[PDB]
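Nothing in this text is a laboratory measurement; each read-out follows from the coordinates by a stated rule. No Cβ is skipped: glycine too gets one built from the backbone with ideal geometry, and neighbour counts run over all protein chains shown.
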Amino acid sequence: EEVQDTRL
Amino acid sequence: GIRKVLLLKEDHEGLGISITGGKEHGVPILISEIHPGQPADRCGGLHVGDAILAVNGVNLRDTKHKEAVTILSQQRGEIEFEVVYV
């Protein structure tokens, strides 16, 4: 979320 | 072990896939969450379990997963997925 990982 | 899956989402918006990885997690951007009938069944070629390293022209920047996010976010409505077997 804030770090860098993600959900598309 | 590269595999190109062309996913072009328009109007509707959003994708339907999830990723995590990079130098932060000491890993590659790997697909970990794939909603049914979502980009897995929409590009007829997406599916978790495969290792991700390239999108819209092999771009998985080396930092944190967001290096892909930045890549997929600003690219275009077409998500090209180049995946490798873990």
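For B:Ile19, B:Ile2, B:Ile71, the sequence from fewest to most other C-beta atoms within 10 Å is B:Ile2, B:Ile71, B:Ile19. Restriction of the trypsin sites (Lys or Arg not before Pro) in the stretch B:2-72 to DSSP coil positions whose beta-carbon has at most 16 other beta-carbons within 10 angstrom yields B:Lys23, B:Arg61. Beyond 14 Å, what share of the Cα-Cα pairs of the protein assembly as shown is found? Please give it as a whole percent. More than 14 Å apart: 60 percent of the Cα pairs in the protein assembly as shown.
Modelled spin-label separation between B:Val84 and B:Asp62, with each label point placed 7 Å from Cα along the Cα-to-Cβ direction: 1.2 nm.
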